[PDB]
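Note sheet for the following structure.
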Amino acid sequence: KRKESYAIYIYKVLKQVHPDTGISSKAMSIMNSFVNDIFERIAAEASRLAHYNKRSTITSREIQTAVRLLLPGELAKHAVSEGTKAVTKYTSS
Amino acid sequence: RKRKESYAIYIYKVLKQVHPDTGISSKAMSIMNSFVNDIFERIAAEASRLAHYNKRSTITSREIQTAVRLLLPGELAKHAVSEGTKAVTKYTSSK
Amino acid sequence: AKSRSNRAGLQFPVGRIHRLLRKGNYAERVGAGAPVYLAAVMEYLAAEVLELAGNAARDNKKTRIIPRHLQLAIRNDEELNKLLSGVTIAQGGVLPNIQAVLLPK
Amino acid sequence: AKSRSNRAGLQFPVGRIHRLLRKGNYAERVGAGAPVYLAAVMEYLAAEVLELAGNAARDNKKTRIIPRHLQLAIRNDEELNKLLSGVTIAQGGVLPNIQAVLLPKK
Amino acid sequence: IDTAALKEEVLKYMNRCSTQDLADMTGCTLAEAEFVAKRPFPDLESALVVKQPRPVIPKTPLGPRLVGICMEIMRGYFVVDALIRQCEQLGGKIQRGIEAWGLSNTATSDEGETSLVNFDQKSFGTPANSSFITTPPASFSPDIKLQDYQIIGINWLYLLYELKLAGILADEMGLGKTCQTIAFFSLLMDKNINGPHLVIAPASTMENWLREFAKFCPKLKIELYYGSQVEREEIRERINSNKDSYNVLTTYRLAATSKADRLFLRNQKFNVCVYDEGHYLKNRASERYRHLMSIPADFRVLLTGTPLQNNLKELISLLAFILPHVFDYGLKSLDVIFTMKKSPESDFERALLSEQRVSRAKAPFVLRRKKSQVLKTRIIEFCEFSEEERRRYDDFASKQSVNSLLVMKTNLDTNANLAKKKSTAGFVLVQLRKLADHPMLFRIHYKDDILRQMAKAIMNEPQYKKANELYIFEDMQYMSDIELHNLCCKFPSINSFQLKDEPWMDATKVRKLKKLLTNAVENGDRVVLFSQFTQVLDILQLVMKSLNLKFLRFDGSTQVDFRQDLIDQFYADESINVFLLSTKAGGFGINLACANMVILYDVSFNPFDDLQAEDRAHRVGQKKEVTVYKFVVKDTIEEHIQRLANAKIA
Amino acid sequence: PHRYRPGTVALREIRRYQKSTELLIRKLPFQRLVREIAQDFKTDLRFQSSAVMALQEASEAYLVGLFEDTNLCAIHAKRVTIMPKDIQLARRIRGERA
Amino acid sequence: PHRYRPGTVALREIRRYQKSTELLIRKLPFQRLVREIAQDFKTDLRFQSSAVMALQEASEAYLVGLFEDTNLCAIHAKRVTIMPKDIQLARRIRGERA
Amino acid sequence: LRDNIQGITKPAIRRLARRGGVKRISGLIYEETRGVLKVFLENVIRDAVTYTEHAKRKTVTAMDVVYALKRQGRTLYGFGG
Amino acid sequence: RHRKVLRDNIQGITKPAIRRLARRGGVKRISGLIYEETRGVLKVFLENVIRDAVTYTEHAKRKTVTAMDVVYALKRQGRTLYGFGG
DNA sequence: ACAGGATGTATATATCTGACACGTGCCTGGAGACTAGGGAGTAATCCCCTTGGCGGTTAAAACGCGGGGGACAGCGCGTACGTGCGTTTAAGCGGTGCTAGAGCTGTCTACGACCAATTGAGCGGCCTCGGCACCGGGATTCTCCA
DNA sequence: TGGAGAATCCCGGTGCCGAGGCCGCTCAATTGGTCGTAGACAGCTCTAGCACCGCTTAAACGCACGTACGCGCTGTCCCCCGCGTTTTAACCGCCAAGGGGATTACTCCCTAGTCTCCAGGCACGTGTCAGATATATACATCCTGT
């Protein structure tokens, strides 16, 4: 009976920018499907890169290469800054 | 010894199967190599997602039938599922 | 016992991301910091479209962001519209795109 | 000992095919008839393209199949083109055409 | 090999030796070496129930695994002992030939060496029952008389050639082993073995190989199997269709990684093949050595100069090298011998019987003569200074010592352990070694100011492109005053500051080279001025215009095909006396014995070729006063990287 | 009957349908439509109401992009009226049928 | 000096180049252009001659579909002339840039 | 009374042209558009049926739909996928 | 430090080259206002993939660029070309 | 030629139903340690990639240039929005209903792991021959004159 | 108006050549047996949950006319565009030549699979309440005729 989403993690980051505003549950599902799509897209892309360089392991360099291969330029620059924002902030903690 | 694998021998096989009186371009042979590469991986990337949708750990020929029934034009499927059943029956029944 | 999310200081749960990486079966050997990179990127783009969605809802002056607002927030941009070009939208519609000869004489 | 291709009487590296199914990172386990099925349909598509290749080679009265035969093949059958609209052929060109306004003067 | 007595040998391992040695011999962990604790075992079938158990709550048995492993270890041990017996018998044949020479073998089998000083017993010379022959070969040119150990070496090579085995000449690299190798091939020419021979050496080492094939043995008909793939294919149509009944050059991986060349040299069906500095032949787990053993040849020669380690894989490589029908033997169990990687828990070398086999295989197949047996005096006097190089030794104690280590730089994420690769960088370490060197390749005379004046009067010339006002300056401001002396003079458009009034006269290493010019001006000690850097080679081109005139800067490109063009114009008294090698070339063969005082203007921080590239110096009978000299400055990076720091005791 | 000018009602409806983003087609004829469509492949199949809602959504969204495309064709064709040759050209550019 | 009717030589050349399959673009200026292009992102990189021939064929095959599409626009525009707005409509309806 | 290709009506086609932003139409638009949408949906509806068959379900969910639309490249957000 | 530099060359696509492409494009009459603009058309096309291609090569940590790099580049938009090793 | 009328449009009241916050099981990321094996990365080496460099020359730049479609207007026409009056059926609601996904258990078999061997093929090479230029030479052709 | 002729297409034979067939050779991968377990198949049950009835009703749909306005035709003109010429030039041939960079063993080693306890986030059930729908309501603004 337990089924999965990201709607609370949608919800925090909704409240992390616009804490006042609400959102439709339809839109909640929309963002759930949206993050599912972009997650699966970038993961499939990076695993294809992993087969290309024949590297069975994967690192964050693969993910950075993946979003550079997927995103437009300002989006990709913002994304590589956002990814490199918290990697060793996680790791050295 | 510096080896690799192609499918050029198998392309030549099926060439001499259907038209023994016929040569080919090596460049066009490489086209066929890349072609059957695409043909393999397309159905592969299909069936993986199908097994994810069907919550499966394992992909059998029953998955491949529906996979090509998705990805192919219909008359190609109308020959292809027959050839697939015939080939798997020759594989399994005989030997 | 500390989670990775607060350790990263972020809000996307990297552990289930790792879980659906592993059981999703894409790469062979899953890196540790790679989903930490990934969910961070996801959190950024989620907040990024959320901001323009909230801006559109503020232009409608309402609290609840609706799929209309999502269509506005994806149609006003071009690079996000580049990324979500083939994405059909549920209750989507499109922006008011009036052309020249569609005006009367 | 029969090869798995020859277990179905086929002309493909079904052992190597099934190995690529293993190392191809798609699923966990691989059913034994699945490389048989996919190699069979690769054989079907290969036969369908190469028969038309031999057709255009006979039309070109040529022994060695040039890539323009492949171009004409994918630009003749719809179902081939329905499969292969997104594809392009090196040194292939396009099927010839002259449009209705583009006729020469009477 | 047997089964039952080997099983009892596994049993006496598992019932006799210590826990360190049980983990050694059986290849197990110390926990499995104990399970020593489960010792004794009445048989290996009692070890069959001795399986290391799974843990207790609060897939494979250890029996078959350890029995089979130590069984293959012991069968490899007895196969090793068969090789020990065989190499000891044929080294007894080697010492039989030595006693047939009536001559003192000054080394033994027990370290895997062979040494001789002189062929005096010169006083007794050649006995009639000997493979020794006193005279140099006639096809060897008589420009240089081959000396005592050299004639001993060519006759030892002739002996092991008659033995129809393979041999090692492992002298300490000053002895000129390529010289005696080529003299041996000239003796084969004088004994009508006139091909096919094969030489395999790196391309930088093909200097003294091909130049010595041109100079010391011109009557030897030599082919060169070197080039590109199509060039060596051309040589393959030259030699395969045998238009040339030649006598005797490719590299190791060129003859190893390309089957076509491997099968071509197999098609050639040689007689002698020589491997110089065979570190792959220092590796029985190197199949390059396997392919070099697959050369058809009744004699193989190995030319090394390092003393052999106490490594079983190294000595097994040398044994299967020197012994025919041993490389032909499969030696499969010798591979599983090698799989234990000398771990602290399982140190297979320090297994007792493997140490016994190290001492036991050691081995008269290794003609190894030290220099001190057959001695080139190494005069070590450090450089004397002018006050300008040490003036900027502190100036580049600031641009070298830019702030990079021993604080924390700002970054978006907490990445701290990835910034330890800036100091001792390549450009800054060669700039620190050029702090030791001649000091005007810095920005001290044309720093940045005089070169916009070079770009000023450069527009009025054909040497001006669409964009070269700033660009010839930006290509001239990074080059420095040494590099700006040899074109601001020569280009006749900018000559207001062309010569810098020769500040190289009052210089450190130039006046030390000028102190050693007394060996090149006043005496016939022809000097081999080594270096490291091609801009310092340009320095030694330009600084020999002051007291001793320069003839031509010796280019380091005599490696290609039998080149004499810069070495034929040499060996005069003073006007042709300063020729410029470096450590760039190979240190395998010697030139004429007239060039003796090899002087390192730029020293080498490694002890790899300073034993080797000074083989032009070490000799029993070189025809002049021979020294070697190194230019080390007292407190820069040069005195640090010089290997004279400390030692150890035992 | 006060006479309106043509297109003005169409213009305010264009503004309405660009503002309002709801469904258009009646659900019962579309449901019988997809039922008779599904009968071509297997008779007696059942469908989620949400599924046929998404069907109606995806279909409307597919055709309106074609509609804007053909509108731009007629703009290029100096016309405010459309003809099915514009649709043929649309499927030609996207490579659908023509 | 015989002068033809204008366009007939172009029609026989349409026959010739729809007949032939070889490349069209001069390899060196195209190569220099794409080398400059890659240099703009990152300076002093290398490629393959095979790679640059692949780029040449990919570019030509990319352009000719746009050519045929715009030709169909000019057919619909009742024109044999091709105009910039035809290409703008092409990239518009395929949604590439316009 | 009807076949379902006439279940759509040309006022609804006109209102779709209003959301299509189209001012004037011919009398020829309607059945052409009907066939276009019909073959377009029928391309993927059979794929949904093959999904349910490989799911061994006689019922059609919504997941299969957007999976086919993803293979159609007509991707949707709003019902999970 | 001595290196060369050459950009533009976008005119290296000559107008008669574009005309011959229109021949294989199968168009009879061509206005003058075309030869400038298609140079940009390929450009954004080329720059869509070329810096993508070295995006492989940077992760491939090479300095040359393979033809397979071009294959992986053209696969990203799905404009699949064959026979360059792929 | 502003004004009359129709429609947007904030104003103001209802209600109600999605948002949400918490219980609340619950299960799973995290720890934490074993462990082992791909990755880094070293280092030394060939080689394809680059840069130059020079001659020959197809073809591009510039040009005439005449004429041919693009276009512009505009006259006509016909059909399509756009009312207003039937109409009808979609929808909304509700009640079976049955059935089919949607689970459960529960056994089992099929593929994954792991070694052997042998031969398929892969690479090198070698032979050789179909086609690919010319190459004159026969057969069409269609812009321009009878 | 049929001809006609330079332009153009088509064509047998010339003689390479260069890929293409074809044969060897060694190595790796496959084909074999057996475990084995766990997922998958299959059986069981059931319960939400599409179908599918019927009642009513609102509005969307359907036509009449209608006219007018938007598409179509044609006249003209013009200016831009192909089209042989020239020259010029840069590309290709092709030759050379060097070197940074691709290639592959090698060696750790650390970095990441994996097992179990838990606890703690974290999804499911359930009121809740307040935004936004839902409906009048009086005002701003713009269509359509001055």
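Note on naming: chains are A, B, ... as they come in the structure tokens, residues start from 1 per chain, ligands start from 1 in the order shown.
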
Give me, as a PyMOL selection string, all polymer residues having an atom no more than 10 Å from residue 15 (chain A), counting only C-alpha atoms (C1' of nucleotides) and skipping those fewer than 6 positions away in the same chain. (chain A and resi 9+21-22) or (chain C and resi 47+50)

Give me the residues near residue 11 (chain H) as number ranges by chain, where near means some atom within 10 Å (using only C-alpha atoms (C1' of nucleotides)) and where sequence neighbours in that chain fewer than 2 positions away do not count. F: 25; H: 8-9, 13-17, 30; K: 60-62

For the full set of C-alpha atoms taken in order, report to one decimal the RMSD after fitting chain F onto chain G. 0.5 Å

Can you list every residue in chain D that DSSP puts in strand (DSSP E or B), as a ChimeraX atom specification? /D:29-30,64-65,87-88

Take the residues that were just selected and, keeping N, CA, C and O atoms, output them as a compact mmCIF listing (two decimals), in the first residue's frame.
# COMPACT_ATOMS: atom_id res chain seq x y z
N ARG D 29 18.99 -10.72 -15.64
CA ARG D 29 19.09 -12.05 -16.22
C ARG D 29 18.51 -12.05 -17.62
O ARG D 29 17.66 -11.23 -17.97
N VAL D 30 19.02 -12.96 -18.45
CA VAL D 30 18.71 -12.99 -19.87
C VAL D 30 18.16 -14.36 -20.23
O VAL D 30 18.87 -15.36 -20.10
N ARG D 64 29.32 -5.16 -56.86
CA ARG D 64 29.53 -4.66 -55.52
C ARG D 64 28.51 -3.59 -55.20
O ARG D 64 28.39 -2.60 -55.92
N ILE D 65 27.75 -3.82 -54.13
CA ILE D 65 26.65 -2.95 -53.75
C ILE D 65 27.20 -1.62 -53.27
O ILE D 65 27.95 -1.57 -52.29
N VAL D 87 17.53 8.03 -40.16
CA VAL D 87 18.87 7.61 -40.53
C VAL D 87 19.33 8.41 -41.74
O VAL D 87 18.52 8.94 -42.51
N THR D 88 20.64 8.56 -41.85
CA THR D 88 21.31 9.10 -43.02
C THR D 88 22.46 8.19 -43.40
O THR D 88 23.09 7.56 -42.54

Shell of 8 Å around residue 26 (chain B), only C-alpha atoms (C1' of nucleotides), local chain residues under 3 positions omitted, as a compact mmCIF listing (two decimals) with N, CA, C and O atoms (P, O5', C5', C4', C3', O3' and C1' of nucleotides), in the first residue's frame:
# COMPACT_ATOMS: atom_id res chain seq x y z
N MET B 29 29.46 -2.20 -46.13
CA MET B 29 29.54 -3.23 -45.11
C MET B 29 29.62 -2.61 -43.72
O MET B 29 28.99 -3.10 -42.77
N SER B 30 30.35 -1.51 -43.60
CA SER B 30 30.39 -0.80 -42.33
C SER B 30 29.05 -0.14 -42.01
O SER B 30 28.69 -0.04 -40.83
P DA K 19 41.27 0.10 -51.59
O5' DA K 19 39.95 -0.56 -51.01
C5' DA K 19 38.71 -0.33 -51.65
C4' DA K 19 38.14 -1.60 -52.25
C3' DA K 19 37.62 -2.62 -51.25
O3' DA K 19 36.52 -3.28 -51.82
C1' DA K 19 39.26 -3.62 -52.55

For residue 18 (chain B), list every protein, DNA or RNA residue within 12 Å, evaluated using only C-alpha atoms (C1' of nucleotides), and leave out those in the same chain fewer than 6 positions away; present the list as a PyMOL selection string. (chain B and resi 11-12) or (chain D and resi 43-44+46-55)
